[PDB]
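Student: in their complex positions, the first chains:
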Amino acid sequence: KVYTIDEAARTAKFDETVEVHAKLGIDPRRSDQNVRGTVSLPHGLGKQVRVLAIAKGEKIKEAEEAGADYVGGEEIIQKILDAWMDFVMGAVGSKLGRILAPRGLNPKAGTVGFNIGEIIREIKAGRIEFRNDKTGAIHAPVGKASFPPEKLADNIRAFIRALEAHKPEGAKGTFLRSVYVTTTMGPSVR
Amino acid sequence: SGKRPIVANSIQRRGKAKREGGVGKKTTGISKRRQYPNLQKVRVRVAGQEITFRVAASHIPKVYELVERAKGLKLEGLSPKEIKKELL
Amino acid sequence: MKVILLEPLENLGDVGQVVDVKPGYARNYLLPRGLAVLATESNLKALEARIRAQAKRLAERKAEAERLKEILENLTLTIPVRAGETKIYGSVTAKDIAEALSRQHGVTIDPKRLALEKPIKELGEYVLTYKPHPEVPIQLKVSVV
């Protein structure tokens, strides 16, 4: 309505269920649905999202403080990847196709925050404070969101999942949306 | 063929193309002849007392307007050219 | 095809109304059997005022009831009803009620549209009303000698 009504997400418990559902065209020729990997997202979030950096057993004093809370090392190569209830989740960059204990034994893998300057500094931002959403087939849409408390200052669901419309080829015209969930879902234009 | 509030008619031709496209390749018309678009007729009775009309077709209503009169008219049998000559 | 109607017809019968139809129905049935007429702004405007020149033409049988209400209401009647106690003698026909209003205050009386069902024929107090629609109930009193 009018703009993109944020506080439209109002009972349940701790309202933290806003969404960004919107369709478009399937696979117009080549491409499809590839939102920005861990986009900035104009939200301080507060999401103490326990992110893991499977870097090394030498980065366990600041890799933990690398924006999340708990981060192990390479002892998760054959000690933690053998079961069905035992086997975020990072990996190794550069070119190392290190997909042995994390590719079959799948939860999150592509590349780790290219920050060899430090695993946790005061100049590096976005490693445990960003989101994404690849494809979804004959049922796309859906993005991340914060809590209920946020005036016309929670305009992050109208810039990361609504501007992430740069991975759309040609063959149709995107349309129909709604920002909400666990409550309902009202729609907003562009 | 007549007209009433309308008019006689035209006798335009009938071109005949075994053409192509110009929006494809070339194109041409084999021939044409003198047609006869017989100005769409039709007749309407109606009443001022009980009159007859070979109304145009387009102007069909038109009559019905002329209908809506009442100018003190009696035994004429005709009584139409009496609406017409005072018609638009 | 806009047209005014007449003899209320089903689907479209709110007399003197406006309804669209296929030229045929009008031009052949409705129109011929004087049950409606062409949208003719003429018969349209003329009709229009055949309403306002009636709406307030009858809205006088209601307007001159408010001038008669703010008067026949309070001001009672007080009839010299020649009676005396028990079962009165000469019942109160409006030929007397109106006769003791018209032929008393020089005011319009309607010895019928008065709400009188029967002559009473006994002394007491009443408050019948002036008919029909909005009504002015004259409070009428009875007396003796």
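Tutor: Looks like it came in fine. Numbers count the residues shown, from 1 in each chain, chains lettered A, B, ... in the order given.
Student: now the phi/psi pair for the residue of chain C positioned farthest from its centre, please.
Tutor: The C-alpha centroid of chain C is most remote from residue C:24, which lies 41.4 Å away (C-alpha atoms, centre = their mean). With angles defined as degrees, to the nearest 10, residue C:24 sits at phi -60, psi -60.
Student: which residues touch it?
Tutor: Not one residue lies near residue C:24 by C-beta atoms under 8 Å, 6 or more residues apart in numbering or on different chains. Quick note: C-beta positions are derived from backbone N, CA and C, even for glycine.
Student: now with 10 Å?
Tutor: Neighbouring residues of residue C:24 by C-beta atoms under 10 Å, 6 or more residues apart in numbering or on different chains: C:1, C:30, C:31.
Student: burial count for the last one?
Tutor: Read that as residue C:31. Using other C-beta atoms under 10 Å in any protein chain shown, residue C:31 has 20 neighbouring residues.
Student: residue C:40 is in contact with that one, correct?
Tutor: No: look at residue C:31 against residue C:40 with C-beta atoms under 10 Å: they stay out of range, at 11.4 Å.
Student: give me the common contacts of these two.
Tutor: By C-beta under 10 Å, 6+ apart, residue C:31 and residue C:40 have these common neighbours: B:64, C:3.
Student: to the structure above, add RNA strand D:
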RNA sequence: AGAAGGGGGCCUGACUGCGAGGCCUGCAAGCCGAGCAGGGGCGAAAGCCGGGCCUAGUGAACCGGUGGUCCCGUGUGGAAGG
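Tutor: To build on what is shown above, here is RNA strand D added in:
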């Protein structure tokens, strides 16, 4: 055959720009082609390579079709169309 033939190695000059000068010739067509410039192939090199030992293996313009480029673009702009 003192190769145009038989075999091997790299290559794509079966190029773009042009063309002095001829052959043949009624016109229009057809025919060989030195050499300059451009960037290339093979070679140590002098050099050769603008298709095929050689003559047949094809069809004026008109009309449309696809590509592109600078030009035109009906008051001007851009388009529709040349």
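Student: again for the contacts of residue C:24, RNA strand D present now?
Tutor: By C-beta under 10 Å, 6+ apart, the contact set of residue C:24 is C:1, C:30, C:31.
Student: do the same with residue A:85
Tutor: Listed by C-beta under 10 Å, 6+ apart, residue A:85 has no contact partners.
Student: surely it is in a strand?
Tutor: No: counting by DSSP: H, G, I helix; E, B strand; the rest coil, residue A:85 is not found in a strand; it is coil.
Student: next, count neighbours for residue A:183.
Tutor: For residue A:183, the number of neighbouring residues by other C-beta under 10 Å comes to 16.
Student: show me what contacts it?
Tutor: A:8, A:9, A:10, A:11, A:12, A:15, A:17, A:18, A:19, A:148.
Student: quick one: it and chain C, what's the gap?
Tutor: 47 Å (C-beta to the nearest C-beta, to the nearest Å).
Student: go on, residue B:27?
Tutor: Per C-beta to the nearest C-beta, residue B:27 is found 42 Å from chain C.
Student: check which helix or strand covers the spatially most central residue of chain B.
Tutor: Nearest to the geometric centre of chain B sits residue B:56, at 3.4 Å (C-alpha atoms, centre = their mean). For residue B:56, there is no enclosing helix or strand under DSSP states H and E.
Student: which one is it nearest to, not counting chain neighbours?
Tutor: Take residue B:56 and drop its neighbours on the chain: the residue closest to it by C-beta to C-beta, 6 or more residues apart in numbering or on different chains is residue B:6, 3.1 Å away.
Student: RNA strand E next, sequence below:
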RNA sequence: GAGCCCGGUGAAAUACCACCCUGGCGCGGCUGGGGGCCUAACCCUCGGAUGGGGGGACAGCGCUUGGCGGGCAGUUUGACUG
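Tutor: Okay, RNA strand E now, added to the rest:
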């Protein structure tokens, strides 16, 4: 996404709100095709009818679509050549 569940395990976990592929039903729109009855346009009729019979949105007629169409028309049916 956790009060209105995980679990264990598998390609994927459910209590709930959603955006939508698959697909049918539920009251409306806009349009369609059909099969019925009608009469009043159009048609035909009846000892002369302001009417009565029967046909009836059909037929007939205007425009436009495609086809059949020597019934008729204009034409074409090469040149060399003892």
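Student: the contacts of residue C:24 again, this time with RNA strand E added?
Tutor: C:1, C:30, C:31.
Student: go on, residue C:133?
Tutor: Neighbour list for residue C:133: C:61, C:62, C:65 [criterion: C-beta under 10 Å, 6+ apart].
Student: counting neighbours, what do you get for the second one?
Tutor: Number of residues near residue C:62 (other C-beta under 10 Å) recorded here: 12.
Student: returning to that earlier point: ok, and of the contacts of residue C:24, which contact chain B?
Tutor: Applying C-beta under 10 Å from any C-beta of the partner chain to the contacts of residue C:24, one finds that C:1, C:31 fall near chain B.
Student: just the contacts of residue C:24: which are in strands?
Tutor: With DSSP state E as the criterion, strands contain none of the contacts of residue C:24.
Student: between the contacts of residue C:24, which is nearest residue A:82?
Tutor: Proximity of those to residue A:82 (C-beta to C-beta) peaks at residue C:1, which lies at 84.4 Å.
Student: so that closest one sits against residue C:22, correct?
Tutor: Yes: Residue C:1 is within contact range of residue C:22, at 6.8 Å (criterion: C-beta under 10 Å).
Student: and the end-to-end length of stretch A:9-22?
Tutor: In stretch A:9-22, first residue to last residue: 17 Å (C-alpha to C-alpha, to the nearest Å).
Student: thanks a lot, catch you later.
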